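Everything below concerns the one structure shown next.
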Amino acid sequence: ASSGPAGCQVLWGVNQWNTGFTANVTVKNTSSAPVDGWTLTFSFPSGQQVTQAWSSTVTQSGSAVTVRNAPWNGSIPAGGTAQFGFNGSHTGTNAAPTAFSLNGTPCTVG
Numbered sequence: 334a335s336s337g338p339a340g341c342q343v344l345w346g347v348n349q350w351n352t353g354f355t356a357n358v359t360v361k362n363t364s365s366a367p368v369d370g371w372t373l374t375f376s377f378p379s380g381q382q383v384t385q386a387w388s389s390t391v392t393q394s395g396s397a398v399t400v401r402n403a404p405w406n407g408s409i410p411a412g413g414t415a416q417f418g419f420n421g422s423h424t425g426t427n428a429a430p431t432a433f434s435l436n437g438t439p440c441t442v443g
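What follows is the structure, given as structure tokens:
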């Protein structure tokens, strides 16, 4: 990025039992723009493949990931946060990498 995109932040709230790990994610935008929905992107290192989802249009591309949060569940002003969750299965390894990337801008984990 030869300019100065955003740099929001998304935290993770995992909650698994035998292997299925839920994921309570909370976005945090502090850049400086009216976030009326968005599409972040990154990927799952281990075999973390999401299945269910709400308040977030998740999409696993082979092994990577992307989430198009609807406009309603994504109507937060540059000074606020958003939140969504899903249920993915794994095998016991590393999931949430680090700084994902909003639709056109980076985003450091929370």
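334 is the number of the first residue of the sequence shown in mature numbering (1 follows the signal peptide of the UniProt record, and there is no 0); add one for each residue after it.
Where a beta carbon is used, it is the ideal one built from N, C-alpha and C, also for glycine.
Taking a contact to mean a Cβ-Cβ separation below 9 Å, would you say residue i touches residue j in this structure?
| i | j | result |
| --- | --- | --- |
| residue 368 | residue 415 | yes |
| residue 400 | residue 417 | yes |
| residue 354 | residue 362 | no |
| residue 350 | residue 436 | no |
Looking only at its chain, what residues have a beta carbon closer than 6 Å to the beta carbon of residue i, apart from the 5 residues adjacent to it on each side?
| i | result |
| --- | --- |
| residue 406 | 388 |
| residue 397 | 376 |
| residue 392 | 399 |
| residue 366 | 411 |
Tell me which residue opens and which closes the beta strand (DSSP E) that residue i is part of.
| i | result |
| --- | --- |
| residue 439 | 438 to 442 |
| residue 385 | 382 to 387 |
| residue 424 | Looking at the DSSP string, residue 424 is not in any beta strand (DSSP E), and its letter there is neither H nor E. |
| residue 348 | 347 to 349 |
Going by DSSP, which residues form a beta bridge with residue i?
| i | result |
| --- | --- |
| residue 371 | 402 |
| residue 362 | 413 |
Please work out which residues of its chain come closer than 8 Å, Cβ to Cβ, to residue i, disregarding the five sequence neighbours upstream and downstream, and give them in chain order.
| i | result |
| --- | --- |
| residue 440 | 339, 340, 341, 342, 343, 360, 373, 432, 433, 434 |
| residue 364 | 338, 339, 340, 341, 411, 438 |
| residue 345 | 356, 357, 358, 428, 429, 442, 443 |
| residue 408 | 368, 369, 370 |
| residue 352 | 422, 423, 424, 425 |
Which residues in the same chain have their Cβ closer than 7 Å to the Cβ of residue i, if we skip the five residues on either side of it in sequence?
| i | result |
| --- | --- |
| residue 386 | 419 |
| residue 413 | 362 |
Pair every Cβ in the segment 419 to 436 with every Cβ in the segment 381 to 396, then say whether three or more of these pairs are closer than 8 Å. yes
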